[PDB]
Amino acid sequence: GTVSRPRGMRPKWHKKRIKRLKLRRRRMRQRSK
Amino acid sequence: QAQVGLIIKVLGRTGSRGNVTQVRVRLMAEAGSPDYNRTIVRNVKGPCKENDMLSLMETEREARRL
Amino acid sequence: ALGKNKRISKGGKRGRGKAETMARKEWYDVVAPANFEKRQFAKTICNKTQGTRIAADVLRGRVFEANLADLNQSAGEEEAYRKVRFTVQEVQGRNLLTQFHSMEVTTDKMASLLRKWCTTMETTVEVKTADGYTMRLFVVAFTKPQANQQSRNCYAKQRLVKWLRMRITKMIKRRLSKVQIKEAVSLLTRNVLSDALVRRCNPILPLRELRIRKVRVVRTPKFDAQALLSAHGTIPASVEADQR
Amino acid sequence: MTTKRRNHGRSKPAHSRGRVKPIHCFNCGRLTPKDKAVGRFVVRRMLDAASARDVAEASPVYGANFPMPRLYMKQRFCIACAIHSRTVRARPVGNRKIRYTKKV
Amino acid sequence: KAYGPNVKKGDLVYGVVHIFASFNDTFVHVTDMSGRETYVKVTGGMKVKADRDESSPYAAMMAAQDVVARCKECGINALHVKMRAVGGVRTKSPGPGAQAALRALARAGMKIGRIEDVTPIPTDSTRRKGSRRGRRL
Amino acid sequence: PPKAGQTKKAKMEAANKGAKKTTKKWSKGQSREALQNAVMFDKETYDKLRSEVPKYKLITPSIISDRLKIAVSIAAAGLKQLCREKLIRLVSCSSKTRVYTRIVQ
RNA sequence: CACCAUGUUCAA
RNA sequence: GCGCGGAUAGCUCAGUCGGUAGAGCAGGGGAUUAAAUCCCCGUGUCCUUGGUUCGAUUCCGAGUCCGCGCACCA
RNA sequence: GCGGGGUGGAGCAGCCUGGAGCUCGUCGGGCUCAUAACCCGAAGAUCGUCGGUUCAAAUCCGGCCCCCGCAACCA
RNA sequence: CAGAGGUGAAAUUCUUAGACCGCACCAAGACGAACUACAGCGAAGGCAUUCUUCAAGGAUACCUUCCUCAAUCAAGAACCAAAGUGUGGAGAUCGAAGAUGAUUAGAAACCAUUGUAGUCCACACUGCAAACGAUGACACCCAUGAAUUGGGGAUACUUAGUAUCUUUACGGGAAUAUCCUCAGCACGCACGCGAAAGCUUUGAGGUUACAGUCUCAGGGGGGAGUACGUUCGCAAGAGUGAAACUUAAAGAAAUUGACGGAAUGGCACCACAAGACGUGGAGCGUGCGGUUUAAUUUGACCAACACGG
Ligand SMILES: [K+]
Ligand SMILES: [K+]
Ligand SMILES: [K+]
Ligand SMILES: [K+]
Ligand SMILES: [K+]
Ligand SMILES: [K+]
Ligand SMILES: [K+]
Ligand SMILES: [K+]
Ligand SMILES: [K+]
Ligand SMILES: [K+]
Ligand SMILES: [K+]
Ligand SMILES: [Mg+2]
Ligand SMILES: [Mg+2]
Ligand SMILES: [Mg+2]
Ligand SMILES: [Mg+2]
Ligand SMILES: [Mg+2]
Ligand SMILES: [Mg+2]
Ligand SMILES: [Mg+2]
Ligand SMILES: [Mg+2]
Ligand SMILES: [Mg+2]
Ligand SMILES: [Mg+2]
Ligand SMILES: [Mg+2]
Ligand SMILES: [Mg+2]
Ligand SMILES: [Mg+2]
Ligand SMILES: [Mg+2]
Ligand SMILES: [Mg+2]
Ligand SMILES: [Mg+2]
Ligand SMILES: [Mg+2]
Ligand SMILES: [Mg+2]
Ligand SMILES: [Mg+2]
Ligand SMILES: [Mg+2]
Ligand SMILES: [Mg+2]
Ligand code: NA
Ligand code: NA
Ligand code: NA
Ligand code: NA
Ligand code: NA
Ligand code: NA
Ligand code: NA
Ligand code: NA
Ligand code: NA
């Protein structure tokens, strides 16, 4: 334990989850374009 | 088959539960023998005191200090 | 562990007469060059000449390792910390005539020479002797504090370390190039070349100790039987083949 | 949270250098910086007192005049590996600042 | 069983014993002074039916006693010692059976010639097994 | 009270109805063979007692029963008779235990 | 250095 | 059809060759503090027969079954 | 038209006459503050159904009722 | 010559077709141990064998030259760890993905044996770090003691010493000792500051007694560094960057408890160890729960259950 309370999942894994969400959103717009 | 050893001094109760005692013993052999006046450290099960005798039946091993 | 082998042979089943291994062995003597007083150090075994496998072809080229204190059988403890290797060049009956291979300081001695707050300086010198032997010298030196010194370290300036290296390289190349292999080995096992280095390199930098930590022969001339006989002088007789 | 050590646990001031190459821990192989690792140079006897006596009794070369060889290792530990092996322990806040410059 | 050199009775005939003591097994390996010809090699796993006891000091002592028995038949009555640990990129700490093997050689009756530690030391190594977080036990 | 969760009255009733008999026999037992010991003397058995039972170094009612395959009650009765005729001698005696031995010469 | 998960809602 | 192998405890096997049936796992018990580890009992008419080396799991001749590789004119 | 399968509450062996097995589940008692995991025990079978053979049928021979496959081509 | 390896124990794995081990070698690719430090160099990222080479860089020394040429900076430019991308090599070790064996209630997790991309090199991209001193740059003042690295100098008072070791050629030498000095990384620290922890000529000081200069960022917690647009990128992504809606706290540092499969020192058979005698299995007495009943009165669930005498 080096950090304080995250009030959520690990920020690195939330950032990765957001990272994959942006990938799938730009693939859904590509197929409509 | 067995060699008698005389407990020279008690080195303290060994391990958890304190049922094993670390002792220093002197091998009781005739004068001029290879085992004469030689000393080893041994683990003893049971109540032991100074000037107590044990039949070691194997004098090559030495107990790890503790 | 005992009784844990699942696949003994990779082919199956068990194929011997319980032949004894040492019944086929023959005992030999390893003879050092004439600059060591204990000439017949070490004993070895080898198979008898059976068929076309001549025992002298497998004995040649073997490298035998011995302590310098045991070979020179005298002098102080400074040579109890050095080990010398000899390569077998010829088989004279039951004698193994050898030639100098390498010398090295034992691992305990070298590891104990290291102190923290000084500088450790290493020099590798490659020279060729008069008879065509190429050697690598591997000198090591350490700085020391002066008696007056109150400082917390005795590190050296890098230009004094480079000066120490170039002087050591000059003296070693100047000396060992003119001499033959037998004289070169005498200079190394008798510490005469070592003391010349410390005497001339201490004016450059205060040195706790300067020693040659490993000599190895890296290139050898073509075999000369007369040169091997000259290097061994009077070869002591071997009683290994004699009847008992 | 709060800064535990002005050292930050390593022997690297702010403007001394940027990067110190890591070493493999002696025990588990964890890559830790060379100035941060807990380094101990040990000199160990190859045999204990009783075992040395038996071997030196059978040795023509070893005895009172000639000592037996020792083992010289520079051991560098990860912080987790040094605390678990008890070569180093947690200290009171006041006692944390005291340093030893020589082996005691 | 004879099989010795042509030396007088009581003469010292020297071998080299290579004691490789790791934390999983111990080797007691007797060769000549060139290391090329081996007389006997007994390991601690050749004495114990269990696998967790191959590094035990008792197994090393038992292996060192079989070494002396065979070395007496080969004419070897003295030994130079070369102890080593795993070395290389792995641990330099000697295994549990190193001292037990050496002491058993002297006690069983053997002249101990010279002792040297020959564990492989790298002047610079390759990457050690495990990650940069090491073994996470 | 530890009222079990989700335990029914039908669950209760089915539990007691199946709780009769079944689980038992926590010991191995290791039964033995019966001892067929005669309660009265036969002609050949009584002949053995008068001849074979003497010159036994140790004589005890339980020993004689183990030899002649008879009860200890009549084994002790015969031993008391052999003492009345001085064929065996009594070394240790109490209410519960008697020890006999052969006479010298 | 075998394995050792969890604890319904408010309020003392 | 021809040359080889294997048939042995409840399962997987080594036999000594030609005077004497055993190991690991399984089952039961004891040392054990959870396995695991150690100690003891486990328990097989040695594929079916004949020739029986003093006596045959062993040596040999015939049959049965199974794995190999090879031969095929009613 | 051809071939295979219904077995304790679930899934699946045995289907090589004389018998039902394995894992999970259920129940009882332990451990725990308590539940789970873990330990010690127990109970639970029309072997789909209707007949036939046999001294004897999950097991063999037919009918039926379901379930799943493969075929359904050249016009 | 019979195992080796590996582990908490094992197994996957290698092995009489000779593994492991031993000696001297050969090949290739990484890396440069000990020395290695609250040490040095660099704008940062970073940078440890030797020798030979190229251009540099700071500090020091100077009675050299010049004469405001400077500080900080939107825009713009160059560099930037690791991972990642492209094309050629290389491929020893280690090793994302994957495979196998364990552990487990589960455990393509930690552990074990392997193993692809990677890891290494050249050229070209990328520009996302706890890229940290979580501390912008320049300038001034600022108390103390012991040190350390590089270059020099000496041996309200009119002036205040001192040695040691080596010494035939990178040598009119090298290192030491004492004193001073400029520059650098710092340690234990008098004001002062600060919510505190702590900082302190190395400020987080000289600030309600608020003004040396320039620049970047922030405005309760989320939504969210998300959406849209746009620029750049081979891609991965990078830069810029909201709103609707939601919420009473989210945070910071210290204090006292409590807890820890964190450490230390003690203690207790309501703990264990060495044991004894039992209880758990049987019958029965009794209490408790359930079932039953018109009612089977009720409390209590280690510290309830021969307890409420
Ligand atoms: K602090
Ligand atoms: K710097
Ligand atoms: K960094
Ligand atoms: K790994
Ligand atoms: K849950
Ligand atoms: K080989
Ligand atoms: K690997
Ligand atoms: K973006
Ligand atoms: K806090
Ligand atoms: K109490
Ligand atoms: K009641
Ligand atoms: Mg913490
Ligand atoms: Mg913290
Ligand atoms: Mg924060
Ligand atoms: Mg210095
Ligand atoms: Mg841990
Ligand atoms: Mg764990
Ligand atoms: Mg092993
Ligand atoms: Mg180096
Ligand atoms: Mg800009
Ligand atoms: Mg890279
Ligand atoms: Mg690439
Ligand atoms: Mg792995
Ligand atoms: Mg950033
Ligand atoms: Mg910041
Ligand atoms: Mg202001
Ligand atoms: Mg805001
Ligand atoms: Mg109790
Ligand atoms: Mg009872
Ligand atoms: Mg009961
Ligand atoms: Mg209490
Ligand atoms: Mg009561
Ligand atoms: Na540290
Ligand atoms: Na409420
Ligand atoms: Na679990
Ligand atoms: Na930092
Ligand atoms: Na410097
Ligand atoms: Na965008
Ligand atoms: Na607290
Ligand atoms: Na007890
Ligand atoms: Na009882």
# chains A, B, ... in the order shown; residues from 1 in each chain; ligands from 1
>>> residues_near_ligand(ligand="ligand 17", cutoff="12 Å", atoms="only C-alpha atoms (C1' of nucleotides) and all ligand atoms", output="number ranges by chain")
E: 136-137; G: 1-4; J: 8, 103-104, 109-111, 261
>>> interface_residues(of="chain F", to="chain J", cutoff="7 Å", atoms="only C-alpha atoms (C1' of nucleotides)", output="ChimeraX atom specification")
/F:1-2,26
>>> interface_residues(of="chain D", to="chain C", cutoff="8 Å", atoms="only C-alpha atoms", output="list in words")
residues 69, 70, 71 and 72 of chain D
>>> residues_around(residues="region 38-44 of chain I", least_positions_apart="2", cutoff="7 Å", atoms="only C-alpha atoms (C1' of nucleotides)", output="PDB file with N, CA, C and O atoms (P, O5', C5', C4', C3', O3' and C1' of nucleotides), in the first residue's frame")
ATOM      1  N   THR F  22     -29.071 -46.970  11.044  1.00  0.00           N
ATOM      2  CA  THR F  22     -28.035 -46.580  10.088  1.00  0.00           C
ATOM      3  C   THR F  22     -26.680 -46.366  10.757  1.00  0.00           C
ATOM      4  O   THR F  22     -25.957 -47.333  11.023  1.00  0.00           O
ATOM      5  N   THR F  23     -26.322 -45.110  11.021  1.00  0.00           N
ATOM      6  CA  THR F  23     -24.972 -44.778  11.466  1.00  0.00           C
ATOM      7  C   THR F  23     -24.676 -45.375  12.837  1.00  0.00           C
ATOM      8  O   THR F  23     -25.353 -45.061  13.820  1.00  0.00           O
TER       9      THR F  23
ATOM     10  P     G I   8     -31.682 -42.803 -13.044  1.00  0.00           P
ATOM     11  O5'   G I   8     -32.345 -42.859 -11.599  1.00  0.00           O
ATOM     12  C5'   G I   8     -31.699 -43.545 -10.534  1.00  0.00           C
ATOM     13  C4'   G I   8     -32.089 -42.986  -9.191  1.00  0.00           C
ATOM     14  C3'   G I   8     -31.777 -41.507  -8.986  1.00  0.00           C
ATOM     15  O3'   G I   8     -32.756 -40.936  -8.118  1.00  0.00           O
ATOM     16  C1'   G I   8     -30.578 -42.791  -7.407  1.00  0.00           C
TER      17        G I   8
END
>>> residues_near_ligand(ligand="ligand 33", cutoff="6 Å", atoms="only C-alpha atoms (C1' of nucleotides) and all ligand atoms", output="list in words")
residues 9, 10, 36, 37 and 38 of chain D
